[PDB]
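Okay, model_2.cif is below, mmCIF, C-alpha atoms:
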```cif
data_work
loop_
_atom_site.group_PDB
_atom_site.id
_atom_site.type_symbol
_atom_site.label_atom_id
_atom_site.label_comp_id
_atom_site.auth_asym_id
_atom_site.auth_seq_id
_atom_site.Cartn_x
_atom_site.Cartn_y
_atom_site.Cartn_z
ATOM 1 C CA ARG A 1 -18.755 3.437 16.639
ATOM 2 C CA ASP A 2 -19.522 -0.271 16.300
ATOM 3 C CA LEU A 3 -18.058 -0.339 12.800
ATOM 4 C CA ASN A 4 -15.006 1.478 14.159
ATOM 5 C CA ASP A 5 -14.562 -1.042 16.966
ATOM 6 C CA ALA A 6 -15.023 -3.856 14.450
ATOM 7 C CA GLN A 7 -12.272 -2.376 12.289
ATOM 8 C CA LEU A 8 -10.004 -1.993 15.311
ATOM 9 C CA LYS A 9 -10.592 -5.559 16.489
ATOM 10 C CA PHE A 10 -10.021 -6.949 12.999
ATOM 11 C CA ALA A 11 -6.777 -4.988 12.726
ATOM 12 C CA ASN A 12 -5.685 -6.250 16.145
ATOM 13 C CA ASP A 13 -6.563 -9.798 15.084
ATOM 14 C CA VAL A 14 -4.321 -9.633 12.019
ATOM 15 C CA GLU A 15 -1.567 -8.060 14.133
ATOM 16 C CA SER A 16 -1.849 -10.903 16.654
ATOM 17 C CA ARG A 17 -1.661 -13.523 13.903
ATOM 18 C CA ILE A 18 1.452 -12.131 12.246
ATOM 19 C CA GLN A 19 3.069 -11.425 15.621
ATOM 20 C CA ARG A 20 2.523 -15.011 16.754
ATOM 21 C CA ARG A 21 3.922 -16.369 13.498
ATOM 22 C CA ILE A 22 7.078 -14.250 13.740
ATOM 23 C CA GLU A 23 7.466 -15.389 17.337
ATOM 24 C CA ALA A 24 7.082 -19.020 16.263
ATOM 25 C CA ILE A 25 9.477 -18.981 13.297
ATOM 26 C CA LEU A 26 12.324 -17.285 15.175
ATOM 27 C CA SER A 27 12.246 -18.695 18.700
ATOM 28 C CA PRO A 28 13.766 -22.125 17.794
ATOM 29 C CA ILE A 29 16.882 -20.334 16.563
ATOM 30 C CA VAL A 30 17.632 -17.645 19.136
ATOM 31 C CA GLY A 31 15.770 -19.080 22.139
ATOM 32 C CA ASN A 32 12.355 -19.152 23.727
ATOM 33 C CA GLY A 33 12.423 -15.713 25.325
ATOM 34 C CA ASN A 34 14.988 -13.709 23.366
ATOM 35 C CA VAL A 35 12.757 -12.079 20.746
ATOM 36 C CA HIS A 36 9.771 -9.745 20.507
ATOM 37 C CA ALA A 37 7.856 -8.556 17.474
ATOM 38 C CA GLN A 38 5.321 -5.806 16.931
ATOM 39 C CA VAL A 39 3.161 -5.433 13.837
ATOM 40 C CA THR A 40 1.363 -2.299 12.704
ATOM 41 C CA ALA A 41 -0.709 -2.765 9.565
ATOM 42 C CA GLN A 42 -2.800 -0.260 7.657
ATOM 43 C CA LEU A 43 -5.999 -1.746 6.285
ATOM 44 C CA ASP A 44 -8.452 -0.600 3.662
ATOM 45 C CA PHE A 45 -12.197 -0.507 4.247
ATOM 46 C CA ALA A 46 -13.474 1.243 1.121
ATOM 47 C CA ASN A 47 -15.791 -0.679 -1.173
ATOM 48 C CA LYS A 48 -14.253 -0.523 -4.619
ATOM 49 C CA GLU A 49 -16.213 -1.540 -7.685
ATOM 50 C CA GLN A 50 -14.378 -1.678 -10.984
ATOM 51 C CA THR A 51 -15.208 -2.313 -14.634
ATOM 52 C CA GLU A 52 -12.437 -2.721 -17.156
ATOM 53 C CA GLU A 53 -13.156 -3.101 -20.837
ATOM 54 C CA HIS A 54 -10.124 -3.885 -22.935
ATOM 55 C CA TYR A 55 -9.974 -4.044 -26.713
ATOM 56 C CA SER A 56 -7.472 -5.562 -28.969
ATOM 57 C CA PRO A 57 -5.403 -3.532 -31.424
ATOM 58 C CA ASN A 58 -6.254 -4.333 -35.031
ATOM 59 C CA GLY A 59 -4.321 -1.690 -36.897
ATOM 60 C CA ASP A 60 -2.259 -4.111 -38.970
ATOM 61 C CA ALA A 61 -4.212 -5.822 -41.736
ATOM 62 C CA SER A 62 -2.628 -9.243 -41.140
ATOM 63 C CA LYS A 63 -4.615 -9.689 -37.912
ATOM 64 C CA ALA A 64 -7.696 -7.653 -38.775
ATOM 65 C CA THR A 65 -11.121 -9.262 -38.600
ATOM 66 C CA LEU A 66 -13.060 -7.814 -41.499
ATOM 67 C CA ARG A 67 -16.773 -8.227 -41.990
ATOM 68 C CA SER A 68 -17.401 -6.245 -45.166
ATOM 69 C CA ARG A 69 -15.238 -4.453 -47.713
ATOM 70 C CA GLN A 70 -16.028 -2.294 -50.724
ATOM 71 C CA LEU A 71 -12.836 -1.686 -52.669
ATOM 72 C CA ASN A 72 -13.358 0.260 -55.885
ATOM 73 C CA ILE A 73 -10.381 1.130 -58.070
ATOM 74 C CA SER A 74 -10.627 3.236 -61.181
ATOM 75 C CA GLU A 75 -7.743 4.227 -63.460
ATOM 76 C CA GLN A 76 -7.063 6.169 -66.639
ATOM 77 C CA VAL A 77 -3.979 6.971 -68.683
ATOM 78 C CA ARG B 1 -22.919 15.553 20.791
ATOM 79 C CA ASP B 2 -23.124 11.758 20.733
ATOM 80 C CA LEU B 3 -21.376 11.630 17.368
ATOM 81 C CA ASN B 4 -18.736 13.979 18.772
ATOM 82 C CA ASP B 5 -18.179 11.782 21.821
ATOM 83 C CA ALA B 6 -18.026 8.741 19.542
ATOM 84 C CA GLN B 7 -15.339 10.434 17.460
ATOM 85 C CA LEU B 8 -13.409 11.385 20.589
ATOM 86 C CA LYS B 9 -13.586 7.876 22.039
ATOM 87 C CA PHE B 10 -12.534 6.314 18.739
ATOM 88 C CA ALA B 11 -9.587 8.705 18.522
ATOM 89 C CA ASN B 12 -8.620 7.891 22.111
ATOM 90 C CA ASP B 13 -8.897 4.179 21.315
ATOM 91 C CA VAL B 14 -6.452 4.431 18.416
ATOM 92 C CA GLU B 15 -4.134 6.554 20.572
ATOM 93 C CA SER B 16 -4.224 3.909 23.313
ATOM 94 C CA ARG B 17 -3.438 1.136 20.830
ATOM 95 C CA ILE B 18 -0.423 2.837 19.282
ATOM 96 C CA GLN B 19 0.788 4.038 22.686
ATOM 97 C CA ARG B 20 0.660 0.510 24.097
ATOM 98 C CA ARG B 21 2.504 -0.877 21.085
ATOM 99 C CA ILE B 22 5.300 1.695 21.360
ATOM 100 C CA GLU B 23 5.539 0.914 25.066
ATOM 101 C CA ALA B 24 5.762 -2.808 24.298
ATOM 102 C CA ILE B 25 8.368 -2.650 21.519
ATOM 103 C CA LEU B 26 10.781 -0.410 23.437
ATOM 104 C CA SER B 27 10.605 -1.533 27.061
ATOM 105 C CA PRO B 28 12.665 -4.762 26.578
ATOM 106 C CA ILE B 29 15.589 -2.635 25.418
ATOM 107 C CA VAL B 30 15.734 0.331 27.784
ATOM 108 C CA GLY B 31 13.847 -1.122 30.763
ATOM 109 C CA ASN B 32 10.354 -1.570 32.103
ATOM 110 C CA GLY B 33 9.804 1.956 33.384
ATOM 111 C CA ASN B 34 12.216 4.154 31.443
ATOM 112 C CA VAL B 35 10.005 5.225 28.532
ATOM 113 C CA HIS B 36 6.751 7.069 27.869
ATOM 114 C CA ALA B 37 4.951 7.718 24.612
ATOM 115 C CA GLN B 38 2.108 10.013 23.643
ATOM 116 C CA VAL B 39 0.185 9.819 20.381
ATOM 117 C CA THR B 40 -1.934 12.554 18.842
ATOM 118 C CA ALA B 41 -3.649 11.540 15.618
ATOM 119 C CA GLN B 42 -5.904 13.552 13.347
ATOM 120 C CA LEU B 43 -8.735 11.507 11.888
ATOM 121 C CA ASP B 44 -11.096 12.068 9.004
ATOM 122 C CA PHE B 45 -14.851 11.653 9.307
ATOM 123 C CA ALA B 46 -16.095 12.944 5.952
ATOM 124 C CA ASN B 47 -17.918 10.527 3.681
ATOM 125 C CA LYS B 48 -16.132 10.635 0.354
ATOM 126 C CA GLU B 49 -17.665 9.102 -2.739
ATOM 127 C CA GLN B 50 -15.558 8.976 -5.872
ATOM 128 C CA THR B 51 -15.981 7.940 -9.500
ATOM 129 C CA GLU B 52 -12.977 7.746 -11.769
ATOM 130 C CA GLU B 53 -13.324 6.975 -15.444
ATOM 131 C CA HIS B 54 -10.045 6.485 -17.240
ATOM 132 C CA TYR B 55 -9.558 6.051 -20.967
ATOM 133 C CA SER B 56 -6.686 4.745 -22.891
ATOM 134 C CA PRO B 57 -4.724 6.859 -25.365
ATOM 135 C CA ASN B 58 -5.147 5.658 -28.937
ATOM 136 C CA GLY B 59 -3.456 8.401 -30.891
ATOM 137 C CA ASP B 60 -0.907 6.155 -32.583
ATOM 138 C CA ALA B 61 -2.360 3.962 -35.317
ATOM 139 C CA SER B 62 -0.366 0.870 -34.303
ATOM 140 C CA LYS B 63 -2.535 0.391 -31.198
ATOM 141 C CA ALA B 64 -5.789 1.877 -32.459
ATOM 142 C CA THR B 65 -8.956 -0.201 -32.387
ATOM 143 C CA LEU B 66 -10.828 0.713 -35.536
ATOM 144 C CA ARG B 67 -14.392 -0.281 -36.253
ATOM 145 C CA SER B 68 -15.022 1.330 -39.631
ATOM 146 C CA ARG B 69 -12.928 3.214 -42.168
ATOM 147 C CA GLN B 70 -13.757 4.989 -45.410
ATOM 148 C CA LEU B 71 -10.530 5.906 -47.168
ATOM 149 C CA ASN B 72 -11.049 7.493 -50.576
ATOM 150 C CA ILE B 73 -8.051 8.617 -52.611
ATOM 151 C CA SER B 74 -8.329 10.411 -55.910
ATOM 152 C CA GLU B 75 -5.432 11.634 -58.056
ATOM 153 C CA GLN B 76 -4.768 13.398 -61.340
ATOM 154 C CA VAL B 77 -1.667 14.482 -63.222
ATOM 155 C CA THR C 1 -4.737 15.090 -55.280
ATOM 156 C CA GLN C 2 -7.317 14.140 -52.674
ATOM 157 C CA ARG C 3 -7.559 12.022 -49.524
ATOM 158 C CA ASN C 4 -10.840 11.667 -47.656
ATOM 159 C CA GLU C 5 -10.762 9.511 -44.551
ATOM 160 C CA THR C 6 -13.555 8.774 -42.122
ATOM 161 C CA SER C 7 -12.805 6.588 -39.124
ATOM 162 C CA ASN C 8 -14.569 5.203 -36.096
ATOM 163 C CA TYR C 9 -12.497 4.147 -33.147
ATOM 164 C CA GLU C 10 -13.113 2.093 -30.078
ATOM 165 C CA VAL C 11 -12.000 3.073 -26.612
ATOM 166 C CA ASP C 12 -10.762 1.148 -23.615
ATOM 167 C CA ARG C 13 -12.235 2.029 -20.263
ATOM 168 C CA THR C 14 -12.172 1.838 -16.484
ATOM 169 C CA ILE C 15 -14.806 2.885 -13.963
ATOM 170 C CA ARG C 16 -13.924 3.044 -10.281
ATOM 171 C CA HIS C 17 -16.721 3.771 -7.826
ATOM 172 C CA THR C 18 -15.030 4.163 -4.462
ATOM 173 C CA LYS C 19 -16.957 4.835 -1.276
ATOM 174 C CA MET C 20 -14.222 5.844 1.128
ATOM 175 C CA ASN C 21 -14.021 4.963 4.782
ATOM 176 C CA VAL C 22 -15.275 7.047 7.691
ATOM 177 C CA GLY C 23 -12.694 7.072 10.441
ATOM 178 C CA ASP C 24 -9.259 6.688 8.923
ATOM 179 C CA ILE C 25 -6.011 8.347 9.939
ATOM 180 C CA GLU C 26 -4.775 11.477 8.211
ATOM 181 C CA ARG C 27 -1.690 12.253 10.294
ATOM 182 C CA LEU C 28 0.255 10.805 13.213
ATOM 183 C CA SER C 29 2.285 12.795 15.711
ATOM 184 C CA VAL C 30 4.358 10.783 18.177
ATOM 185 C CA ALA C 31 6.484 12.210 20.988
ATOM 186 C CA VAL C 32 8.780 9.762 22.780
ATOM 187 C CA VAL C 33 10.805 10.330 25.947
ATOM 188 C CA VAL C 34 13.466 7.953 27.231
ATOM 189 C CA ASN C 35 15.400 8.070 30.477
ATOM 190 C CA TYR C 36 19.149 8.107 30.921
ATOM 191 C CA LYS C 37 20.781 4.786 31.754
ATOM 192 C CA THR C 38 22.042 4.468 35.333
ATOM 193 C CA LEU C 39 24.625 1.718 35.791
ATOM 194 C CA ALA C 40 26.528 2.006 39.086
ATOM 195 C CA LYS C 41 23.921 7.456 36.657
ATOM 196 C CA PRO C 42 24.537 10.479 34.361
ATOM 197 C CA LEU C 43 24.893 8.482 31.156
ATOM 198 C CA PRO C 44 22.853 9.445 28.094
ATOM 199 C CA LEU C 45 22.165 6.903 25.402
ATOM 200 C CA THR C 46 24.622 6.981 22.526
ATOM 201 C CA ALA C 47 23.817 8.258 19.045
ATOM 202 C CA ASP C 48 23.574 4.770 17.536
ATOM 203 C CA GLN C 49 21.171 3.719 20.285
ATOM 204 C CA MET C 50 19.039 6.826 19.739
ATOM 205 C CA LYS C 51 19.123 6.202 15.990
ATOM 206 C CA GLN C 52 17.966 2.598 16.256
ATOM 207 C CA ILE C 53 15.312 3.565 18.811
ATOM 208 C CA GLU C 54 14.079 6.112 16.274
ATOM 209 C CA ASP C 55 14.084 3.277 13.717
ATOM 210 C CA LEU C 56 11.983 1.034 15.955
ATOM 211 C CA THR C 57 9.523 3.787 16.823
ATOM 212 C CA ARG C 58 9.189 4.778 13.175
ATOM 213 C CA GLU C 59 8.433 1.198 12.198
ATOM 214 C CA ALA C 60 6.015 0.613 15.059
ATOM 215 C CA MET C 61 4.229 3.818 14.068
ATOM 216 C CA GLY C 62 3.379 2.661 10.611
ATOM 217 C CA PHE C 63 5.191 5.865 9.686
ATOM 218 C CA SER C 64 4.213 7.206 6.275
ATOM 219 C CA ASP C 65 5.453 10.612 5.155
ATOM 220 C CA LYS C 66 2.766 10.768 2.461
ATOM 221 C CA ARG C 67 0.412 11.440 5.358
ATOM 222 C CA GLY C 68 2.989 13.783 6.878
ATOM 223 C CA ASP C 69 3.572 11.834 10.076
ATOM 224 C CA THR C 70 5.890 13.431 12.618
ATOM 225 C CA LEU C 71 8.056 11.665 15.186
ATOM 226 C CA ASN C 72 10.278 13.211 17.843
ATOM 227 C CA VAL C 73 12.317 11.187 20.340
ATOM 228 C CA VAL C 74 14.279 12.794 23.178
ATOM 229 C CA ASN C 75 16.452 11.495 25.994
ATOM 230 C CA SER C 76 16.497 13.158 29.405
ATOM 231 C CA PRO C 77 16.978 12.271 33.080
ATOM 232 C CA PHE C 78 13.711 11.397 34.781
ATOM 233 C CA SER C 79 12.432 12.614 38.146
ATOM 234 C CA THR D 1 -6.349 7.285 -60.489
ATOM 235 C CA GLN D 2 -8.847 6.478 -57.758
ATOM 236 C CA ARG D 3 -9.172 4.139 -54.776
ATOM 237 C CA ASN D 4 -12.327 4.082 -52.673
ATOM 238 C CA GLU D 5 -12.345 1.664 -49.766
ATOM 239 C CA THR D 6 -15.034 1.112 -47.175
ATOM 240 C CA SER D 7 -14.402 -1.420 -44.433
ATOM 241 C CA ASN D 8 -16.129 -2.809 -41.386
ATOM 242 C CA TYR D 9 -14.029 -4.408 -38.714
ATOM 243 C CA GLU D 10 -14.719 -6.624 -35.776
ATOM 244 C CA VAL D 11 -13.227 -6.127 -32.350
ATOM 245 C CA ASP D 12 -12.074 -8.469 -29.629
ATOM 246 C CA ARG D 13 -13.157 -7.696 -26.106
ATOM 247 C CA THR D 14 -12.852 -8.235 -22.372
ATOM 248 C CA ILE D 15 -15.114 -7.058 -19.564
ATOM 249 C CA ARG D 16 -13.958 -7.358 -15.968
ATOM 250 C CA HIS D 17 -16.434 -6.469 -13.237
ATOM 251 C CA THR D 18 -14.466 -6.624 -10.007
ATOM 252 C CA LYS D 19 -16.039 -5.979 -6.627
ATOM 253 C CA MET D 20 -13.020 -5.586 -4.389
ATOM 254 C CA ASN D 21 -12.689 -6.812 -0.845
ATOM 255 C CA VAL D 22 -13.410 -4.844 2.314
ATOM 256 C CA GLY D 23 -10.662 -5.431 4.830
ATOM 257 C CA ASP D 24 -7.439 -6.156 3.004
ATOM 258 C CA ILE D 25 -3.917 -5.070 3.869
ATOM 259 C CA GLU D 26 -2.361 -2.000 2.296
ATOM 260 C CA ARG D 27 0.946 -1.858 4.168
ATOM 261 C CA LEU D 28 2.861 -3.823 6.788
ATOM 262 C CA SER D 29 5.335 -2.373 9.257
ATOM 263 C CA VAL D 30 7.262 -4.871 11.374
ATOM 264 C CA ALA D 31 9.770 -4.017 14.100
ATOM 265 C CA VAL D 32 11.803 -6.915 15.493
ATOM 266 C CA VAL D 33 14.112 -6.927 18.513
ATOM 267 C CA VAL D 34 16.478 -9.761 19.379
ATOM 268 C CA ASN D 35 18.638 -10.210 22.450
ATOM 269 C CA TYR D 36 22.372 -10.742 22.578
ATOM 270 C CA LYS D 37 23.552 -14.321 23.007
ATOM 271 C CA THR D 38 25.007 -15.135 26.430
ATOM 272 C CA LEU D 39 27.182 -18.250 26.451
ATOM 273 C CA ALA D 40 29.338 -18.531 29.585
ATOM 274 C CA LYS D 41 27.395 -12.573 27.823
ATOM 275 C CA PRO D 42 28.284 -9.472 25.729
ATOM 276 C CA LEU D 43 28.110 -11.201 22.358
ATOM 277 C CA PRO D 44 26.021 -9.688 19.564
ATOM 278 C CA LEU D 45 24.775 -11.855 16.747
ATOM 279 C CA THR D 46 27.002 -11.865 13.689
ATOM 280 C CA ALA D 47 26.147 -10.178 10.401
ATOM 281 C CA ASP D 48 25.284 -13.446 8.646
ATOM 282 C CA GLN D 49 22.956 -14.393 11.497
ATOM 283 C CA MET D 50 21.272 -10.980 11.378
ATOM 284 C CA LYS D 51 20.994 -11.268 7.597
ATOM 285 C CA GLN D 52 19.340 -14.684 7.675
ATOM 286 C CA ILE D 53 17.048 -13.587 10.514
ATOM 287 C CA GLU D 54 16.025 -10.673 8.298
ATOM 288 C CA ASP D 55 15.429 -13.238 5.533
ATOM 289 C CA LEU D 56 13.186 -15.356 7.755
ATOM 290 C CA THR D 57 11.227 -12.373 9.042
ATOM 291 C CA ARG D 58 10.783 -11.020 5.525
ATOM 292 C CA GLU D 59 9.439 -14.355 4.336
ATOM 293 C CA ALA D 60 7.172 -14.850 7.335
ATOM 294 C CA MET D 61 5.812 -11.348 6.753
ATOM 295 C CA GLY D 62 4.555 -12.057 3.300
ATOM 296 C CA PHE D 63 6.748 -9.070 2.481
ATOM 297 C CA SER D 64 5.736 -7.303 -0.719
ATOM 298 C CA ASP D 65 7.381 -4.019 -1.667
ATOM 299 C CA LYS D 66 4.560 -3.243 -4.106
ATOM 300 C CA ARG D 67 2.545 -2.510 -0.976
ATOM 301 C CA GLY D 68 5.542 -0.700 0.501
ATOM 302 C CA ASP D 69 6.059 -2.993 3.476
ATOM 303 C CA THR D 70 8.763 -1.974 5.932
ATOM 304 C CA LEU D 71 10.824 -4.252 8.161
ATOM 305 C CA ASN D 72 13.435 -3.280 10.735
ATOM 306 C CA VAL D 73 15.328 -5.788 12.885
ATOM 307 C CA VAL D 74 17.703 -4.736 15.664
ATOM 308 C CA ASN D 75 19.858 -6.576 18.178
ATOM 309 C CA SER D 76 20.393 -5.251 21.693
ATOM 310 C CA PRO D 77 20.999 -6.525 25.233
ATOM 311 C CA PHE D 78 17.770 -7.079 27.128
ATOM 312 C CA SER D 79 16.930 -6.005 30.675
#
```

Take the structure from the file and write it as structure tokens.
Amino acid sequence: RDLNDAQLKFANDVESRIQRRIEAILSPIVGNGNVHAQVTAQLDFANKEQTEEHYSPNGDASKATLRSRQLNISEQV
Amino acid sequence: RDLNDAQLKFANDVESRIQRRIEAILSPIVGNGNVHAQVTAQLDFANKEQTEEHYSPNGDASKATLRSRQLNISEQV
Amino acid sequence: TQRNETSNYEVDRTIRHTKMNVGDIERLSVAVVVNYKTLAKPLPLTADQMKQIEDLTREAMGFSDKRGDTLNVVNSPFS
Amino acid sequence: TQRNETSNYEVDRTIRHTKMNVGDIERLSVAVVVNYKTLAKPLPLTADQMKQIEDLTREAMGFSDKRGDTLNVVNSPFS
């Protein structure tokens, strides 16, 4: 209930802010009382944790970062 | 009971908000008393936890991120 | 011939832990009535006026057809 | 012939631990009405004036079509 009313008041606050700004940026052009605006905004309220972990591609040997190597080559004829 | 009445009052609150906004955005065009609106909204009240875990496709060797390798190649003729 | 290959890869990742909200909107259903316009009386609003009124009501709804919102606007003489 | 190769690589990395914000905007929907201009009365605003008013309202919105914001501006005589 109280969280719901807090969400509704916060939504109405953001609507009032954007509505007042649209009324202020347009009224010097068309006149003081010749415009109305209404704002309906959907908000999110879900806590969203995230953890990316990128890696860099090292397929090509010209940008590989080796640590060891054990290259053996035999041959006969 | 009390949770049910809280859900009903919160639904009625959101209905009142959207109804007042539709009455405010339309009445300057058609007139002060020539419009009515009614809003019926279905709400959710189920707590929904979620845990995605994406991975990135590394089938192609040109974007693979190797850590080891042990390539042996024999041959005879 | 022969070719033995052992590999070890490394994987990118993402973990999203989302606790959704209790009390959001799943669907809107808005029914709008408008009166006829009486000038000097039986004059319905024209199709362009009804279309732009539908536009305004759709935008003031926050209309989103992903949620399946429904809007119906009619014009009729009042009483 | 033969060729045995063992390797050990080393990997670059990145770890982003992002705790997102509670209370941000997902979508804006803005409906704007403007009156006709009365000079000496039935004069609608021209198409360039409506276009630049749409420009100003879009920029004052913080309009971002990634979020799917919707704007509709109409011009009509008041009452």

Output check: residues returned by the PyMOL selection byres ((chain B and resi 39) around 7), as a ChimeraX atom specification: /B:15,19,37-38,40-41 /C:29-31

Here's the selection I'm unsure about, the PyMOL selection byres ((chain C) within 10 of (chain A)); applied to the file above, which residues does it give, as a PyMOL selection string? chain C and resi 10-25+56+59-63

Selection dump of the PyMOL selection byres ((chain B) within 6 of (chain A)), as a PyMOL selection string: chain B and resi 62-65

Write a file of the selected residues as a PDB file, keeping the file's coordinate frame, keeping C-alpha atoms.
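out_10.pdb written:
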```
ATOM      1  CA  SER B  62      -0.366   0.870 -34.303  1.00  0.00           C
ATOM      2  CA  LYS B  63      -2.535   0.391 -31.198  1.00  0.00           C
ATOM      3  CA  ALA B  64      -5.789   1.877 -32.459  1.00  0.00           C
ATOM      4  CA  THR B  65      -8.956  -0.201 -32.387  1.00  0.00           C
TER       5      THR B  65
END
```

Fit target chain B, mobile chain A, all Cα in order, as a compact mmCIF listing (two decimals) with C-alpha atoms, in the frame of the given file:
```txt
# COMPACT_ATOMS: atom_id res chain seq x y z
CA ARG A 1 -22.92 15.55 20.79
CA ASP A 2 -23.12 11.76 20.73
CA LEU A 3 -21.38 11.63 17.37
CA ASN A 4 -18.74 13.98 18.77
CA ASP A 5 -18.18 11.78 21.82
CA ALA A 6 -18.03 8.74 19.54
CA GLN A 7 -15.34 10.43 17.46
CA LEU A 8 -13.41 11.39 20.59
CA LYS A 9 -13.59 7.88 22.04
CA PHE A 10 -12.53 6.31 18.74
CA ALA A 11 -9.59 8.70 18.52
CA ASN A 12 -8.62 7.89 22.11
CA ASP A 13 -8.90 4.18 21.31
CA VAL A 14 -6.45 4.43 18.42
CA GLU A 15 -4.13 6.55 20.57
CA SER A 16 -4.22 3.91 23.31
CA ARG A 17 -3.44 1.14 20.83
CA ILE A 18 -0.42 2.84 19.28
CA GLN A 19 0.79 4.04 22.69
CA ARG A 20 0.66 0.51 24.10
CA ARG A 21 2.50 -0.88 21.09
CA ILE A 22 5.30 1.70 21.36
CA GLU A 23 5.54 0.91 25.06
CA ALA A 24 5.76 -2.81 24.30
CA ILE A 25 8.37 -2.65 21.52
CA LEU A 26 10.78 -0.41 23.44
CA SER A 27 10.61 -1.53 27.06
CA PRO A 28 12.66 -4.76 26.58
CA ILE A 29 15.59 -2.63 25.42
CA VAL A 30 15.73 0.33 27.78
CA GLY A 31 13.85 -1.12 30.76
CA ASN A 32 10.35 -1.57 32.10
CA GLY A 33 9.80 1.96 33.38
CA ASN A 34 12.22 4.15 31.44
CA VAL A 35 10.01 5.23 28.53
CA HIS A 36 6.75 7.07 27.87
CA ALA A 37 4.95 7.72 24.61
CA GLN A 38 2.11 10.01 23.64
CA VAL A 39 0.19 9.82 20.38
CA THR A 40 -1.93 12.55 18.84
CA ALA A 41 -3.65 11.54 15.62
CA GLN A 42 -5.90 13.55 13.35
CA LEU A 43 -8.73 11.51 11.89
CA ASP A 44 -11.10 12.07 9.00
CA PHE A 45 -14.85 11.65 9.31
CA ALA A 46 -16.10 12.94 5.95
CA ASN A 47 -17.92 10.53 3.68
CA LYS A 48 -16.13 10.64 0.35
CA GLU A 49 -17.66 9.10 -2.74
CA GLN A 50 -15.56 8.98 -5.87
CA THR A 51 -15.98 7.94 -9.50
CA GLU A 52 -12.98 7.75 -11.77
CA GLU A 53 -13.32 6.98 -15.44
CA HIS A 54 -10.05 6.48 -17.24
CA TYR A 55 -9.56 6.05 -20.97
CA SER A 56 -6.69 4.75 -22.89
CA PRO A 57 -4.72 6.86 -25.36
CA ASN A 58 -5.15 5.66 -28.94
CA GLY A 59 -3.46 8.40 -30.89
CA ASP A 60 -0.91 6.16 -32.58
CA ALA A 61 -2.36 3.96 -35.32
CA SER A 62 -0.37 0.87 -34.30
CA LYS A 63 -2.54 0.39 -31.20
CA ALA A 64 -5.79 1.88 -32.46
CA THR A 65 -8.96 -0.20 -32.39
CA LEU A 66 -10.83 0.71 -35.54
CA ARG A 67 -14.39 -0.28 -36.25
CA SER A 68 -15.02 1.33 -39.63
CA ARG A 69 -12.93 3.21 -42.17
CA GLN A 70 -13.76 4.99 -45.41
CA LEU A 71 -10.53 5.91 -47.17
CA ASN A 72 -11.05 7.49 -50.58
CA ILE A 73 -8.05 8.62 -52.61
CA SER A 74 -8.33 10.41 -55.91
CA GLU A 75 -5.43 11.63 -58.06
CA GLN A 76 -4.77 13.40 -61.34
CA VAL A 77 -1.67 14.48 -63.22
```

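Rounded to one decimal, CA of residue 28 in chain B and CA of residue 33 in chain D lie 8.5 Å from each other.
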
So which one's closest to residue 51 in chain C, C:7, C:79, C:73, C:2? Using all atoms listed in the file, please. C:73

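The smallest atom-to-atom distance between residue 67 in chain D and any of D:26, D:32, D:45, D:55, using all atoms listed in the file, is found for D:26.
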
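In this structure, CA of residue 36 in chain C sits 5.9 Å away from CA of residue 76 in chain C.
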
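What separates CA of residue 78 in chain C from CA of residue 33 in chain B is a distance of 10.3 Å.
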